[PDB]
Every structure is written in C-alpha cells, then in structure tokens.
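What follows are structure tokens for two forms of the same protein chain, given separately as structure 1 and structure 2.
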Structure 1
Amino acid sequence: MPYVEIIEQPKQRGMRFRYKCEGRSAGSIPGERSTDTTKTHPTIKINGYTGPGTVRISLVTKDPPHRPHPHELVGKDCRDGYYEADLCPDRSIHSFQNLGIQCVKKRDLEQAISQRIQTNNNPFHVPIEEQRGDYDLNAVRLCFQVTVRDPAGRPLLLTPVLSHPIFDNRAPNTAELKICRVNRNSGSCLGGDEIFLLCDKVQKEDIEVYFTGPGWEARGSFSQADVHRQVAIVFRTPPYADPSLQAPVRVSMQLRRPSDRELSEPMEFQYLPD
C-alpha cells in the first residue's frame, strides 16, 4: 500500500483543552512550526497515491496500547469525537486547520468510552478488556486513518500513523512552563540574591529554578512556602561555578518540572564578581 507521513506535527504544549460548555468548536491545534508572523497547522503527505479517498483523524492515548481517547475532536467535519472528510482528489498534501480538542468531564468518562466503542472508533483494535484501565486526561495523540483506492476503486486502508503527544495546558503538571517576569537578572557569584519570579501556574512540589551553563548545573534555593499561589517564586540565587571571575558572565535561568525534565524558555542571568 501507499503510506501517510506527517509533514508538520501538532504543537505539543501551550493549548488548553476546552469543555463542551465553552462552545461548539475548540479552536485549532496549531502546527509545531507556527511562528506568529506565520500560522501553521497539522499537515500530512500521502506518498504513492494521489486521488479521491477518505481521511479520518481520531484521538488515542499517549502510551501504548493506543486505546481511543475519551476526549473528542470538534470543529469542521467532526462528528462523534473524530474528524472525517473527503480527501482532496487534486492534492497529495492535506492541511487540517479546524481541529479542536474537547475534554470530557470525569463524570462522563465511561459514557465517552462507550461512544468510542459504539462508533467503531478504535484505530488499533484494542480489546475492550483494556479500555478499563486509567486514562491520562491531560495528553492525547492524533491518529491519521487514510483510506485510498486501488486501480479498480477498492478501498485500501493505509497504516494508521500517530502524531507526537499533545498536552493539556489546563493541568499545571502538563502545562507549558513560562517565566513571565523577574525583579532582576544580575547578581554576584556569591549567590544569596533574593529574586521574585512571576510565572505561569506551577505546582510547588514539582517545580525548581534551573541555572545552567557549560558543564555547570546549579539550582535556586527556596521552599514550597516560597511559591505564592502557584504563580510566583521567591528564591535565592545559587553561586556561580567560580567564586572569583572578574568578568561579567552570562548564564541560563529556566523553570524545571522534575517529573518530566521539562524546561521553560531560558532567561539570561548575569553573574558578577566580588
């Protein structure tokens, strides 16, 4: 058979899943190369075939076995929690720009899973015995199921392909880490400089400030009481890899979730002598 390739994966972090109460459509999963000058979207290329067909996109769990996910895909040409539309006969590349993730409430879990089985939404045909186990409601994968045609018009189900995982920004343990503001970004190599850091919502047991620089790994000092309402950290800076120096040296300041080694975008911190 021909095959399906993901030319632009979905963006992993930053987007929050939206409940059904917040509207009909849930925005659009952005392409991972989406600038802001540019607005890219998840795209697939169909190799070895060009012509009519069908493309279905559904949500499966992040980890194998990739059971159907309780959450729903909503937006253009979405029904029963999955996307399904005619493949464009003229084009071999296909953009999906209206895919929103609608999260199911925890008290509607077993019913949502029932609808997956009822609608034959099971791209990897996992037995129902294993649709019993726990679901990570903060992470999904896109599953592209493309049906093409043989030379006589016989449906040809191409192998389903899984995207990178998409994480819910609603959950602070899966959200994007962002440093919004600091009272200063310079200090002495002796350390002890008090820093007030403003950040996106974090969890005080699963957070730390990560100073790095070639071959040196330091860590801001604070306690869980020094995290104010999940969105601010008051910590003391660590010493530089040299209580000496003379030169103004620049290093990296990052938030870190130890549970998954996830880093915020780096902020620059300038260690100064004396």
Structure 2
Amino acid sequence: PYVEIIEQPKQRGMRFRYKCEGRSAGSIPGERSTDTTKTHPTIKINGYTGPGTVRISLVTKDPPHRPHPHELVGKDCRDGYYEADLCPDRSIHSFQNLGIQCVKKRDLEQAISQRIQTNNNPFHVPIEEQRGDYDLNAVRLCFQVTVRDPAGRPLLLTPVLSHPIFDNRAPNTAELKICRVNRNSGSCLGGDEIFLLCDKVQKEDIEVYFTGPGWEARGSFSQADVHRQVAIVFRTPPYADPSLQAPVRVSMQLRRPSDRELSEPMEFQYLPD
C-alpha cells in the first residue's frame, strides 16, 4: 500500500507560535482552504482500508530529513509529534488540529535530544549525519502510516513528506503581501512613482514584478527605497507599448527573487498620455 497527500498543508501565511504564546499553535489548513470552503491536510491510503495508526512528525525541509527541533502541538500530539488511530472503515484522513510550535535558537539542542530520546527520526538520519544548522523558518509534515499486511501483523508504510510549510513571522520568508498603493494606474511610458505599503520584506531580496500576456517588467528602485521593510517607493516601468489606444490592465506583484515566490497580483491599469 502507499500513502499520498490528497491535500497539502498551506505553505505560507501562518506563523509558528512559540511556547510562550500558548499550548496550541492554531490549525494548519489545506492549501485550497478558502474562507468559503475550508480544508485540512489530508492523506490517502492506496491499497488498504482497515485498522491502523498514523504519526505525524516534523522533519527538515532539505534532503537529509533530520527530525526538526520544532513541535507539532494540538489534539492527539505529544513529544512534538501527532499520533492516533486511523479510522478503520475509511481510506482518507484529514488532520484538522495540527499546530506548529517553534523552539528558541537557545533551546535548540535540548529540542534535538527530545527527538532522539523519543525515537523520532522517520528517515532514520544518523547521529553522525544529524549534524548541522537547522532552518527554523521551515518544516515538513511526515506522515508515517502503519497498516497491517494481509497476514495480519502490523505493517509500516513508507514515509510521505509534504511541501514545506513556512513561518509567516520570519522576516526571511513571510508571505509577500501588498496592502495599499498610492495609485493603481499610470502612463504607458512609465516613470510614475509609487508608494507601496507591504508586509515585512527584505530590501536585498525584493522586486515589483509587473506582468501582462507575453509581457513582464520590474518597477524601478534601490534598497535605500525600502522603508523599514514595509514600504517600497518605486517608479513604474514602461508598458510593452508606448503608443496605447486605451487602458491596459496588467498585474503588479511582489517577487522575492531567492525563492521566486510571488504575492497575490494587484491590478494595475496602464494608460496613454
């Protein structure tokens, strides 16, 4: 049998809550979770409907999936890992009370050792190989399902990882969001200045990526134009066509080069002068 993630956890937007903030870090939602149609991380067992257990652990983002210092807090959790009994007459399991509790860079080693003492290393990464810095701003859910083979003895399936979930509070990879702009229109020739009010960004890793069909451009500014990480003053780039005949709706977005992530597109309408 095999596990497959029918519904991935949302990647950006939620922050990892610290132990000082509470005993539950809210609930990780599915990627397609909308205000109208809510969803939760769901896995699918192919080739098995019956008695079993599931354990959700946290592991590192990049290849050597060392168990992560952070904790999975919520219903049925303990030791930084979720665990319960699979519904025996169902093959789909969504997890709605999954919350991530981050450690302090100080209580890191202490965190590590709990993973060790509690035997939480799905990819059995070696003590030798466990060495190294940990990205604290990113983790991955690691579903470990145990069904039973046809004989009847318990059967542990292979571990399935999810795409990384990122800490929204981290200045380093928080969700890119444009909150207010001084004007969503301008001349096709470009040159209009714009005050963009956004969330925390990093001046040495941010752009205002303009985008139209078979067209794209980048607004113009320098690091010094980034105000306290939450505002950018840039000049709009000229459209593809300087000789415009009427408004031309395009899209304005925030792009963090390093991971090529984008923000929801804001509509910007070019005009002729």
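Sequence positions of structure 1, starting at 1, serve as the residue numbers. C-alpha atoms forming the largest set that superposes within 1.5 Å between two forms make up the rigid core.
Taking 2 Å as the criterion, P127 does not count as shifted between structure 1 and structure 2: its C-alpha moves by less than this amount when the rigid core is aligned. Once the core of the two forms is superposed, the Cα of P89 has moved 2.1 Å between structure 1 and structure 2. Here the rigid core is superposed, and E268 then shows its C-alpha moved by 1.2 angstrom between structure 1 and structure 2.
Its Cα shifted by 5.1 Å, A152 is compared between structure 1 and structure 2 on a rigid core fit.
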